[PDB]
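Below is upload-v4.cif, which holds mmCIF, C-alpha atoms.
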data_input
loop_
_atom_site.label_atom_id
_atom_site.label_comp_id
_atom_site.auth_asym_id
_atom_site.auth_seq_id
_atom_site.Cartn_x
_atom_site.Cartn_y
_atom_site.Cartn_z
CA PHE A 1 -0.70 -34.10 3.87
CA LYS A 2 -3.62 -36.56 3.72
CA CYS A 3 -2.95 -39.98 2.14
CA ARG A 4 -5.76 -42.40 1.25
CA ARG A 5 -4.53 -46.03 1.28
CA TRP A 6 -1.51 -46.94 3.43
CA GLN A 7 -0.50 -50.26 1.81
CA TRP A 8 1.64 -52.29 4.25
CA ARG A 9 4.85 -52.65 2.19
CA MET A 10 7.48 -55.34 2.85
CA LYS A 11 9.99 -54.99 5.71
CA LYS A 12 11.94 -57.00 8.29
CA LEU A 13 10.68 -60.41 9.44
CA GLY A 14 6.96 -60.60 10.33
CA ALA A 15 6.74 -56.81 10.01
CA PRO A 16 5.25 -54.99 7.03
CA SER A 17 5.60 -51.22 6.43
CA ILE A 18 2.41 -49.26 5.65
CA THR A 19 3.49 -46.17 3.66
CA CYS A 20 1.46 -43.39 2.01
CA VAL A 21 0.26 -44.56 -1.43
CA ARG A 22 -1.70 -41.40 -2.18
CA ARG A 23 -0.91 -37.67 -2.00
CA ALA A 24 -4.47 -36.35 -1.54
CA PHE A 25 -4.32 -32.78 -0.19
#
Whole structure, structure tokens version:
Amino acid sequence: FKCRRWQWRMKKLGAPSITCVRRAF
């Protein structure tokens, strides 16, 4: 699996959550 743009999503206090925003083979 190779993403392309991990966008830090929202999470606990002062702590974002970068998840995979692209499913590029």
Test item: the PyMOL selection byres ((chain A and resi 23) around 10) resolved as a compact mmCIF listing (two decimals) with C-alpha atoms, keeping the file's coordinate frame:
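The result, written out as part-v8.txt:
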# COMPACT_ATOMS: atom_id res chain seq x y z
CA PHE A 1 -0.70 -34.10 3.87
CA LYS A 2 -3.62 -36.56 3.72
CA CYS A 3 -2.95 -39.98 2.14
CA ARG A 4 -5.76 -42.40 1.25
CA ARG A 5 -4.53 -46.03 1.28
CA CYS A 20 1.46 -43.39 2.01
CA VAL A 21 0.26 -44.56 -1.43
CA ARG A 22 -1.70 -41.40 -2.18
CA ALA A 24 -4.47 -36.35 -1.54
CA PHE A 25 -4.32 -32.78 -0.19
Report, as JSON, the centre and edge lengths in Å (one decimal) of the axis-aligned box enclosing every listed atom of region 7-23 of chain A, padded by 5 Å on each side.
{"center_x": 5.1, "center_y": -49.1, "center_z": 4.1, "size_x": 23.6, "size_y": 32.9, "size_z": 22.5}
Open item on the list: Which residues are near residue 19 (chain A)? Cut-off 8 Å, only C-alpha atoms, ignore same chain within fewer than 2 positions. Put them as a PyMOL selection string.
Closed with: chain A and resi 6-9+17+21
Starting from the sparse input, extend chain A to N, CA, C and O atoms and give the output as a PDB file, keeping the file's coordinate frame.
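Output saved as rebuild20.pdb:
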ATOM      1  N   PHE A   1      -0.731 -32.927   4.792  1.00  0.00           N
ATOM      2  CA  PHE A   1      -0.700 -34.100   3.870  1.00  0.00           C
ATOM      3  C   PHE A   1      -1.756 -35.128   4.292  1.00  0.00           C
ATOM      4  O   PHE A   1      -1.832 -35.523   5.439  1.00  0.00           O
ATOM      5  N   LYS A   2      -2.573 -35.563   3.371  1.00  0.00           N
ATOM      6  CA  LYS A   2      -3.620 -36.560   3.720  1.00  0.00           C
ATOM      7  C   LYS A   2      -3.604 -37.718   2.712  1.00  0.00           C
ATOM      8  O   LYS A   2      -4.128 -37.615   1.623  1.00  0.00           O
ATOM      9  N   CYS A   3      -3.002 -38.819   3.073  1.00  0.00           N
ATOM     10  CA  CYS A   3      -2.950 -39.980   2.140  1.00  0.00           C
ATOM     11  C   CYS A   3      -4.347 -40.547   1.913  1.00  0.00           C
ATOM     12  O   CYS A   3      -5.344 -39.879   2.104  1.00  0.00           O
ATOM     13  N   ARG A   4      -4.422 -41.778   1.499  1.00  0.00           N
ATOM     14  CA  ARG A   4      -5.760 -42.400   1.250  1.00  0.00           C
ATOM     15  C   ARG A   4      -5.707 -43.921   1.426  1.00  0.00           C
ATOM     16  O   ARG A   4      -6.679 -44.534   1.821  1.00  0.00           O
ATOM     17  N   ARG A   5      -4.598 -44.546   1.128  1.00  0.00           N
ATOM     18  CA  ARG A   5      -4.530 -46.030   1.280  1.00  0.00           C
ATOM     19  C   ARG A   5      -3.138 -46.498   1.695  1.00  0.00           C
ATOM     20  O   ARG A   5      -2.333 -46.890   0.873  1.00  0.00           O
ATOM     21  N   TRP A   6      -2.847 -46.477   2.966  1.00  0.00           N
ATOM     22  CA  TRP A   6      -1.510 -46.940   3.430  1.00  0.00           C
ATOM     23  C   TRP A   6      -1.362 -48.439   3.164  1.00  0.00           C
ATOM     24  O   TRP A   6      -1.876 -49.261   3.898  1.00  0.00           O
ATOM     25  N   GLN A   7      -0.668 -48.807   2.121  1.00  0.00           N
ATOM     26  CA  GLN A   7      -0.500 -50.260   1.810  1.00  0.00           C
ATOM     27  C   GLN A   7       0.723 -50.824   2.546  1.00  0.00           C
ATOM     28  O   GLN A   7       1.850 -50.481   2.251  1.00  0.00           O
ATOM     29  N   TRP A   8       0.505 -51.695   3.497  1.00  0.00           N
ATOM     30  CA  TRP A   8       1.640 -52.290   4.250  1.00  0.00           C
ATOM     31  C   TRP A   8       2.692 -52.843   3.279  1.00  0.00           C
ATOM     32  O   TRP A   8       2.508 -53.886   2.683  1.00  0.00           O
ATOM     33  N   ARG A   9       3.790 -52.158   3.120  1.00  0.00           N
ATOM     34  CA  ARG A   9       4.850 -52.650   2.190  1.00  0.00           C
ATOM     35  C   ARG A   9       5.657 -53.755   2.879  1.00  0.00           C
ATOM     36  O   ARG A   9       5.369 -54.147   3.992  1.00  0.00           O
ATOM     37  N   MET A  10       6.664 -54.262   2.226  1.00  0.00           N
ATOM     38  CA  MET A  10       7.480 -55.340   2.850  1.00  0.00           C
ATOM     39  C   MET A  10       8.528 -54.741   3.784  1.00  0.00           C
ATOM     40  O   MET A  10       8.943 -53.610   3.629  1.00  0.00           O
ATOM     41  N   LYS A  11       8.961 -55.496   4.752  1.00  0.00           N
ATOM     42  CA  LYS A  11       9.990 -54.990   5.710  1.00  0.00           C
ATOM     43  C   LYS A  11      10.697 -56.150   6.390  1.00  0.00           C
ATOM     44  O   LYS A  11      10.779 -57.240   5.860  1.00  0.00           O
ATOM     45  N   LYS A  12      11.222 -55.916   7.557  1.00  0.00           N
ATOM     46  CA  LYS A  12      11.940 -57.000   8.290  1.00  0.00           C
ATOM     47  C   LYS A  12      11.073 -58.257   8.403  1.00  0.00           C
ATOM     48  O   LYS A  12      10.086 -58.415   7.713  1.00  0.00           O
ATOM     49  N   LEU A  13      11.449 -59.152   9.268  1.00  0.00           N
ATOM     50  CA  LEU A  13      10.680 -60.410   9.440  1.00  0.00           C
ATOM     51  C   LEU A  13       9.347 -60.164  10.153  1.00  0.00           C
ATOM     52  O   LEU A  13       9.278 -59.445  11.129  1.00  0.00           O
ATOM     53  N   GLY A  14       8.293 -60.773   9.678  1.00  0.00           N
ATOM     54  CA  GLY A  14       6.960 -60.600  10.330  1.00  0.00           C
ATOM     55  C   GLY A  14       6.719 -59.131  10.662  1.00  0.00           C
ATOM     56  O   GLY A  14       6.298 -58.793  11.751  1.00  0.00           O
ATOM     57  N   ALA A  15       6.972 -58.252   9.737  1.00  0.00           N
ATOM     58  CA  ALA A  15       6.740 -56.810  10.010  1.00  0.00           C
ATOM     59  C   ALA A  15       6.678 -56.012   8.706  1.00  0.00           C
ATOM     60  O   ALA A  15       7.693 -55.657   8.142  1.00  0.00           O
ATOM     61  N   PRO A  16       5.477 -55.757   8.275  1.00  0.00           N
ATOM     62  CA  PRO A  16       5.250 -54.990   7.030  1.00  0.00           C
ATOM     63  C   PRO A  16       5.500 -53.495   7.273  1.00  0.00           C
ATOM     64  O   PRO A  16       5.782 -53.076   8.377  1.00  0.00           O
ATOM     65  N   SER A  17       5.384 -52.687   6.254  1.00  0.00           N
ATOM     66  CA  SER A  17       5.600 -51.220   6.430  1.00  0.00           C
ATOM     67  C   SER A  17       4.519 -50.441   5.671  1.00  0.00           C
ATOM     68  O   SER A  17       4.621 -50.232   4.477  1.00  0.00           O
ATOM     69  N   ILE A  18       3.486 -50.014   6.345  1.00  0.00           N
ATOM     70  CA  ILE A  18       2.410 -49.260   5.650  1.00  0.00           C
ATOM     71  C   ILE A  18       2.887 -47.836   5.321  1.00  0.00           C
ATOM     72  O   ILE A  18       3.137 -47.030   6.197  1.00  0.00           O
ATOM     73  N   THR A  19       3.023 -47.531   4.061  1.00  0.00           N
ATOM     74  CA  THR A  19       3.490 -46.170   3.660  1.00  0.00           C
ATOM     75  C   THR A  19       2.349 -45.418   2.979  1.00  0.00           C
ATOM     76  O   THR A  19       1.297 -45.967   2.724  1.00  0.00           O
ATOM     77  N   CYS A  20       2.544 -44.166   2.679  1.00  0.00           N
ATOM     78  CA  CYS A  20       1.460 -43.390   2.010  1.00  0.00           C
ATOM     79  C   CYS A  20       1.430 -43.703   0.514  1.00  0.00           C
ATOM     80  O   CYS A  20       2.386 -43.467  -0.198  1.00  0.00           O
ATOM     81  N   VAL A  21       0.341 -44.235   0.027  1.00  0.00           N
ATOM     82  CA  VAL A  21       0.260 -44.560  -1.430  1.00  0.00           C
ATOM     83  C   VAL A  21      -0.681 -43.589  -2.125  1.00  0.00           C
ATOM     84  O   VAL A  21      -1.279 -43.889  -3.139  1.00  0.00           O
ATOM     85  N   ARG A  22      -0.809 -42.425  -1.576  1.00  0.00           N
ATOM     86  CA  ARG A  22      -1.700 -41.400  -2.180  1.00  0.00           C
ATOM     87  C   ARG A  22      -1.360 -40.013  -1.629  1.00  0.00           C
ATOM     88  O   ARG A  22      -1.202 -39.831  -0.439  1.00  0.00           O
ATOM     89  N   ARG A  23      -1.240 -39.034  -2.481  1.00  0.00           N
ATOM     90  CA  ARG A  23      -0.910 -37.670  -2.000  1.00  0.00           C
ATOM     91  C   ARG A  23      -2.141 -36.768  -2.082  1.00  0.00           C
ATOM     92  O   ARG A  23      -2.108 -35.705  -2.670  1.00  0.00           O
ATOM     93  N   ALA A  24      -3.228 -37.184  -1.494  1.00  0.00           N
ATOM     94  CA  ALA A  24      -4.470 -36.350  -1.540  1.00  0.00           C
ATOM     95  C   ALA A  24      -4.348 -35.175  -0.570  1.00  0.00           C
ATOM     96  O   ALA A  24      -4.181 -35.353   0.620  1.00  0.00           O
ATOM     97  N   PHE A  25      -4.430 -33.973  -1.073  1.00  0.00           N
ATOM     98  CA  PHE A  25      -4.320 -32.780  -0.190  1.00  0.00           C
ATOM     99  C   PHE A  25      -5.104 -33.009   1.111  1.00  0.00           C
ATOM    100  O   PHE A  25      -6.267 -33.369   1.022  1.00  0.00           O
TER     101      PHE A  25
END
